[PDB]
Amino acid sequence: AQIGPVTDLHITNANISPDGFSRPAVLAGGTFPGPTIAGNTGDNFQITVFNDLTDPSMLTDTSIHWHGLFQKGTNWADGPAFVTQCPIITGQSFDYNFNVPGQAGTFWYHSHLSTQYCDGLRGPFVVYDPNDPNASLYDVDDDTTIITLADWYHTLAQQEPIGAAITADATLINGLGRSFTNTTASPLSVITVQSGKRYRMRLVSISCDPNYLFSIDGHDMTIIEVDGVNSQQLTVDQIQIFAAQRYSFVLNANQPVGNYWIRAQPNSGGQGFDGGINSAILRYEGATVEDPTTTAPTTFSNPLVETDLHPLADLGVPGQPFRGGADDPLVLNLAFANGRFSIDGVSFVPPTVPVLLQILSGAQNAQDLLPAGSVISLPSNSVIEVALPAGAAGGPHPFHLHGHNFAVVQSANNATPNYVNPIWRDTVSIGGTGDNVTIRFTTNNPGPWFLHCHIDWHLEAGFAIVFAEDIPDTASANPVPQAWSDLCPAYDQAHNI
């Protein structure tokens, strides 16, 4: 029941009750999470998104981003509202027509307008590799081995009151889970395995906010992929996974036939597992249909530590092996005050004209681009370093860059940089007070690429900038279809702009 790589995708409003509490939602494909969009490496995806939304309480406009797909030459298809497009208006559709050369792994898709993805528009996106170098490590890799972790709110995203703390009401694993308060014994998700087989579990955080401590009682997990990047095998018994990150891990069904708890503990909201919150069930074929009776350890033996991960391929680190050893070394001042985030003193507020359209219309330095102070130019064919020192309230903040993955030269909670063999990924926790998480990449993808915290509430409150990569070559690199050119006039007419 995967769809794609050529598919329609309808975006609708409907009631759902994933934790036993009914609320309206914004759904792709009629479900929460949305259906898996899938294809093979190098395929042409043609996702015709039909905006059928009618309930203004969750916004009737929409725009969808394909998280972690580089969009080289198709920046117009990337999805962030007012960065690469105007939103699609209700009653209209738009074909996101792009290719995925050179990428294979676990991705996801989500609304990229306001906080709308929190209201339900989120689903997995898998690019399989027919020649996967990890293929011999497992037996099963299909829709039944995708594990999504989601935060779910009873209050609608647009209706979260100004000045009150926002926390979720349930953790949903594969779309099901129990509410933290007024808990009812609603159905839990079941992941089924066969004794003796090995599974490529594709763990996807579709969170709007919390990080999760993910584990499976009785089992360990051998990581083989990080945010689309193949890794050396790393065996862990717990994974702290931040918003928008992905891991593949091998699960060996090597425990007695039975039922085992799957645990996903968020860093906010309900703590523990009373009443079966924060839980799903791993069930072996032939086990009794009953809840697990297993317990977690008090202390995990082998938690994931990001510096333990290393690429499977020889990826190295671009630039020179010291701080500032790049063509364009940056240090961002990431701050929060009075309800707003800022980057180098500027809080992001989406512009009226999308950044890409401003560039195509001839704005040719980043000082000319709106929002003023929110768009930073990057030079072409250059090594970029971005230090992201933590400290701003609401952390740990998982920062994400569109259009690129990056070497994680320095990780959370460890002052030592790695210029030899760090993991590459696309979303990274910047850690805690005093940390200096630092990323590097090379600029080989002209266009405006969003850089932001992936806690959606923080993005909405301004925690973002746009890297206008290679402004001079953006128009030649990214020819735009007529339907894209039609988006802003249609949107602005509908909204009387």
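Definition used throughout: the rigid core is the maximal C-alpha set that superposes within 1.5 Å between two forms. Note that residue numbering begins at 1 and tracks the sequence as displayed.
Asks: With everything overlaid on the rigid core, name the stretch, 261-269 or 154-162, whose CA atoms wander farther on average in 9 other deposited structures of this protein.
Replies: Result of the core-fitted comparison in 9 other deposited structures of this protein: 154-162 deviates more.
Asks: Do the Cα atoms of 130-138 or those of 164-172 sit farther, on average, from the shown form in 9 other deposited structures of this protein after fitting on the core?
Replies: Evaluated in 9 other deposited structures of this protein, the stretch farther from the shown form is 164-172.
Asks: Going by the mean C-alpha B-factor recorded in the entry, which is higher: 202-210 or 264-272?
Replies: The stretch with the larger average C-alpha B-factor is 264-272.
Asks: Got a sec? Mean C-alpha B-factor, which is higher, 187-195 or 397-405?
Replies: That would be 187-195.
Asks: Highest Cα B-factor in the PDB entry belongs to which of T62, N445, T438, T433?
Replies: By C-alpha B-factor in the record, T433 ranks first.
Asks: Just to confirm, going by the entry's C-alpha B-factors, which of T106, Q103, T115, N131 comes out highest?
Replies: That would be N131.
Asks: Splitting the chain's C-alpha B-factors into thirds, which one does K72 fall into?
Replies: Lowest third - that is where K72 ends up once the chain's C-alpha B-factors are sorted.
Asks: Could you place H219 in the lowest, middle or highest third of its chain by Cα temperature factor, using the values in the record?
Replies: Its C-alpha B-factor belongs to the highest third of this chain's values.
Asks: Using the B-factors in the PDB entry, rank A150's C-alpha atom against the chain and give the third, lowest, middle or highest.
Replies: Lowest third - that is where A150 ends up once the chain's C-alpha B-factors are sorted.
Asks: Using the B-factors in the PDB entry, rank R323's C-alpha atom against the chain and give the third, lowest, middle or highest.
Replies: Middle third by C-alpha B-factor.
Asks: Please place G30 in the lowest, middle or highest third of its chain according to the CA B-factor in the PDB entry.
Replies: For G30, the deposited C-alpha B-factor lands in the highest third.
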